[PDB]
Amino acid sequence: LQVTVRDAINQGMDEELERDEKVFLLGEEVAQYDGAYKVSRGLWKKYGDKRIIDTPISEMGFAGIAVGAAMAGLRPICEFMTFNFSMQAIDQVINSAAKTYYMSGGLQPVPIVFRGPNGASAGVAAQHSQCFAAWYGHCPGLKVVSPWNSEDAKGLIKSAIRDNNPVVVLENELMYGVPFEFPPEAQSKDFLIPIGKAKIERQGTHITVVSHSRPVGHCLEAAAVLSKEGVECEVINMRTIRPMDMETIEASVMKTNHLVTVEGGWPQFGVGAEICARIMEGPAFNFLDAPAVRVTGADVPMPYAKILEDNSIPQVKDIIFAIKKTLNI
């Protein structure tokens, strides 16, 4: 069975809607249009106006409505068409949702999920290509996840929905149409992926390569090329941005002695920045036989032209290059 990332997210939501009547989905084009990227296809016809709710283009407003509905006991899935547009609403996510349980001293939970595509796409230029992983990751009171493949996307959307706190689910528009082998355990309505646990996608002994979202697939392509030359990469799919699984990265580097981080976002104050900082502060630092280094998007607003875009996002050759530098090969 192969299932595309978009269909696995769809299954996730569909299964959680059927399971809990308090669950509902709102955002622009989610209902009658079947989803701006077809992720919510068929949900409105199955569940109706009350459960799958098309909104006007009013981000701060409908995110605050979702947060309010959650405070009152419902379990909203608030879609942002992309996360670039969450900027209009980010006060609701941070000040109304993330901080509230703590401010209220544990009286008021906010079981809301914010989801939609994040980071770069193909040719959509600078207002539409931004990655928000490090921005949302920085904020106490939130959980932030970033699936790569179809199992990732189904298991994490289901965990997000079952969580009683705000969870930000940073999808990827280019992964939506990619089919993946879909294990029978992921086909279950009970399939959940724990928030806070990274997954080793490829075992190896020479270098630890950590990533999230789309670039995980490029790290795996990189490791396939490298193992023809006798180099074995251990590739780690973070899954969760906050709280990140540093323990899994540390134990990997204690075996491999080397670390490269790979992300699609801007480099400064980025996800790689935190991983490197933690590795240096932590028990694996003395195990490092070379500095940990970061592979990232280029440090520019995203250009439109194809060749400029190609060179503003990490390519497999950029990953191989940083790995070779790290291994002195």
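For every residue, the number given is its place in the sequence shown, counted from 1.
- The mean Cα B-factor in the deposited entry runs higher for 179 to 187 than for the other of 179 to 187 and 145 to 153.
- Of the two segments examined, 254 to 262 and 191 to 199, it is 191 to 199 that shows the higher average Cα temperature factor in the deposited entry.
- As recorded in the entry, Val231 carries the highest CA temperature factor of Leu220, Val231, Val209, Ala89.
- Ranked against the other modelled residues of its chain, the C-alpha B-factor of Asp49 as given in the entry falls in the highest third.
- Sort the modelled residues of the chain by CA B factor and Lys38 lands in the highest third.
- Annotation for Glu15: C-alpha temperature factor in the middle third relative to the rest of the modelled chain, per the entry.
- For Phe85, the recorded CA B-factor ranks within the middle third of the chain. Only modelled residues enter the ranking.
- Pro267: CA B factor in the lowest third of modelled residues in this chain (values from the PDB entry).
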